[PDB]
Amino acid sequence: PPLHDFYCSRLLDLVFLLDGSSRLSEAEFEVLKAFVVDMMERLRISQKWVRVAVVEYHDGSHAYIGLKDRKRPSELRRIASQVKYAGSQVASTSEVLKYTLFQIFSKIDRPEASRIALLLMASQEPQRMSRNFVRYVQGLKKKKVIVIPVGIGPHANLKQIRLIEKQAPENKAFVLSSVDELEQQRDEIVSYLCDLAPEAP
């Protein structure tokens, strides 16, 4: 059914990772942010509840929002909309999974919660950059960080998606036809993510 009254109130560290390659257009990237913010207003943001991070990843990653930013939610969504279209020739899934592993989850800020890397991808990084890919995926598995591949478009690295799935059982993936189908699964996605978090005592 369609979600009518949804407001994820659980203990969750949620990280948004946005493919910055030219595989997506300006507007197609604008829709991606639409999907993001639309999902943000469905979450209880608080340092004691649902924390969120936002990262655009090209050949290198720019973090618009950190988990500990401790700003106001109404602006956290503001930032997410002002995310610039990079259209780079390279969106390194390895590098960003690296960044997430060593930068975001270097320390465990809150053991009691669940961590989720929402990998919104639509491209294939150069093959030579995939060297230590599994390494990063597994490194996250050990730090108890779920990874959720979102396959947008015909160029979404199918191999890496399945490769990620294999690593961890709770590494379910969503394979979409385009940025269009993104909205059509807002409920099913947001639900899965939220329902994977522990509701506080």
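Numbering starts at 1 and runs along the sequence shown.
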item: Stretch exceeding the other in mean C-alpha B-factor - 190-198, 1-9; value: 1-9
item: Stretch with the higher entry mean CA B-factor, where the candidates are 171-179 and 35-43; value: 35-43
item: C-alpha B-factor winner, where the candidates are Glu165, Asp59, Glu56, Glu28; value: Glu28
item: Residue of maximum C-alpha B factor among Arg115, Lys98, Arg128, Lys107, per deposited coordinates; value: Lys107
item: B-factor third for the C-alpha atom of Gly153 within its chain; value: middle
item: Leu76 - Cα temperature factor, lowest/middle/highest third of chain; value: highest
item: For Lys142, the third of its chain into which the C-alpha B factor falls; value: middle
item: Entry-reported Cα temperature factor of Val90, expressed as the chain third it lands in; value: middle
item: Chain-wide C-alpha B factor ranking for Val134, given as lowest, middle or highest third; value: lowest
